[PDB]
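Before any questions on how it binds or moves, here is one chain, the form deposited in one PDB entry, in structure tokens.
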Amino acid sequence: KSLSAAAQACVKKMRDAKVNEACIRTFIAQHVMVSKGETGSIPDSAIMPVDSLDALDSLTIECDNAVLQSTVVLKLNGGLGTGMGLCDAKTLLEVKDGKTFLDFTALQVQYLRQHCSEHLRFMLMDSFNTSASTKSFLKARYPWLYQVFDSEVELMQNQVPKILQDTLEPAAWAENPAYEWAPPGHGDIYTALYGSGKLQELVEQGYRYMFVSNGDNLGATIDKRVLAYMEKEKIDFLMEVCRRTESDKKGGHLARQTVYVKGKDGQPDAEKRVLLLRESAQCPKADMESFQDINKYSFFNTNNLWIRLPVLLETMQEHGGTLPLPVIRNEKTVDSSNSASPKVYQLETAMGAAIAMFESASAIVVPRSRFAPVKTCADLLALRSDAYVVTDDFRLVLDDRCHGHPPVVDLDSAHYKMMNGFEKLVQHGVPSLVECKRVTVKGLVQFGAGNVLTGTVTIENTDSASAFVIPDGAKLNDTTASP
């Protein structure tokens, strides 16, 4: 009904493949935007810094029991960790000896069920890539989650067609047609919830809040103070943000614009702050200077998000059965491996962008303890190290000796970008980093078995025709060590 041939070709392919209609409506609206020149770019000049938020450490009151019992926890688990050379779910990586992201995730759920709300609802948003392996893991390790995996745990994200940059038609790939489809980013959570009927089912069952976080962030759990704050302040969507550090490069920051409140009765001048998310992908590429300036944009989205479910549901129903999140136009080739395969756009959205979709939306500053991202092998190095400790409620948080500062880890991306390269680097043990402010690894190198790094430490191999192996027991303090 009024679409371009290319947009109609997408609808047809999606209907043929039995893609849920909410996903088709959502995708097509993005497609229309893209056909009018939209890229998701948010230039510097269109936004301003946010310089005032409440902090969670300013709160004390915990929510009532009804509210608590009404809260569902969901962990995102649909991505690929392709920058870490992973082909399966990142959450199946080991984080501490013999314990994976999924283990700590399951243990957190069990803790909450033993001490807070015995029937706390727990979900995982999976994709076709991660579903099987996740389900398999829970069957072996956490039978009580496996038993209700299909019925209540797993939410399956949609897949949407990759579209040719040429014409915006759906891309075909005869050698492997599965590569014609892509996951639409974690912003798809709202569309998959709504289109599957699970959102309405949850609201029917008496659930009122959902707390979502990234599968790679084991600092995130429900804080009953946030829920009491959302109840008091009548907030329908809340983003947790952390004060941004130099390591916060892959993700998004909070920003504002100013709008002008209803009408002009009383005075024209008065205006309201509107909040939004800018992902790295949304910064104009020749202006990453805007994005990477941690002073200017110092509130980094953790992706720990709180949503009031009935409000989400009514907002989507009243907007054509979709949530109109800003499209992010990702550029790839249809076989991302093969740069001789046709160039495509992959239309995606980020779930934190939903802060722009509700009148009551806000953000709160949380301590770093709620944010332990693992986007790279360098992050994983810190996480596995004694810089991070396991709390009684099964979060991974910095040791108190760190003073809330994660070690900065700068690993050579020729050798350690891929999980195969990283794992060779820590073959003989993971170095103590609890007292390291900054470790930098240059050229090919291998840690020894006793290592302890204190202060600022560069390990530089200029040779790397030959691996620079660190002696066991070695101690490096404010020093460059080289062969």
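The first residue of the sequence shown is number 1, and the count goes up from there.
Undergrad: So which stretch wins on mean C-alpha B-factor, 279 to 287 or 332 to 340?
TA: Mean B over CA atoms: larger for 332 to 340.
Undergrad: Per the record, averaged over C-alpha atoms, which has the higher B-factor: 430 to 438 or 41 to 49?
TA: So the stretch with the higher mean C-alpha B-factor is 430 to 438.
Undergrad: Quick one: which of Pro310, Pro268, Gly219, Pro406 has the biggest Cα B-factor according to the entry?
TA: Largest recorded C-alpha B-factor: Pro268.
Undergrad: Of the choices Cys87, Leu124, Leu238, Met316, which one's C-alpha carries the largest B-factor in the record?
TA: Within the set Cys87, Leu124, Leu238, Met316, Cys87 shows the top C-alpha B-factor.
Undergrad: Please place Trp173 in the lowest, middle or highest third of its chain according to the CA B-factor in the PDB entry.
TA: Middle third - that is where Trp173 ends up once the chain's C-alpha B-factors are sorted.
Undergrad: Comparing against every modelled residue in the chain, figure out the third that the C-alpha B-factor of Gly263 lands in (lowest, middle or highest).
TA: Tercile = highest for this residue's CA B-factor.
Undergrad: Within this chain, which third does the Cα B-factor at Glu180 fall in: lowest, middle or highest?
TA: For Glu180, whose C-alpha B-factor we compare with every modelled residue in the chain, the answer is the lowest third.
Undergrad: Lowest, middle or highest third of the chain for the C-alpha temperature factor of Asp166?
TA: For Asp166, whose C-alpha B-factor we compare with every modelled residue in the chain, the answer is the highest third.
Undergrad: Lowest, middle or highest third: where is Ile24 by Cα B-factor in its chain?
TA: According to the entry, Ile24 has a C-alpha B-factor in the chain's lowest third.
The protein also exists as the form solved in complex with a small molecule; that form is not presented, and the subsequent description refers to it.
Undergrad: Consider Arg401 of the chain shown here, and say whether it contacts the small molecule in the deposited bound form, taking contact as heavy atoms within 4.5 Å.
TA: Contact check for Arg401: no, nothing within 4.5 Å of the small molecule in the deposited bound form.
Undergrad: Report whether the minimum heavy atom distance between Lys234 and the small molecule in the deposited bound form is within 4.5 Å.
TA: Although the small molecule is absent here, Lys234 would stay clear of it in the deposited bound form, with no heavy atoms inside 4.5 Å.
Undergrad: Is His405 close enough to touch the small molecule in the deposited bound form, meaning at least one heavy atom pair within 4.5 Å?
TA: Yes, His405 lies within 4.5 Å of the small molecule in the deposited bound form.
Undergrad: Answer with yes or no whether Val366 is in contact with the small molecule in the deposited bound form, where contact means some heavy atom within 4.5 Å.
TA: Close contact exists here: in the deposited bound form, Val366 approaches the small molecule to within 4.5 Å, heavy atoms only.
Undergrad: Select from the listed residues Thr221, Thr100, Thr245, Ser196 the one whose heavy atoms reach within 4.5 Å of the small molecule in the deposited bound form.
TA: If I apply the 4.5 Å criterion carefully, the residue I get is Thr245.
Undergrad: Select, from the options 198 to 206, 367 to 375, 313 to 321, 133 to 141, the stretch whose residues sit within 4.5 angstroms of the small molecule in the deposited bound form by heavy atom distance.
TA: Residues of 367 to 375 come within 4.5 Å of the partner.
Undergrad: Based on which superposition fits each C-alpha better between this form and the one not shown, do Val160 and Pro367 belong to the same rigid part?
TA: Yes, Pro367 belongs to the same rigid part as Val160 (C-alpha assigned to the better-fitting superposition).
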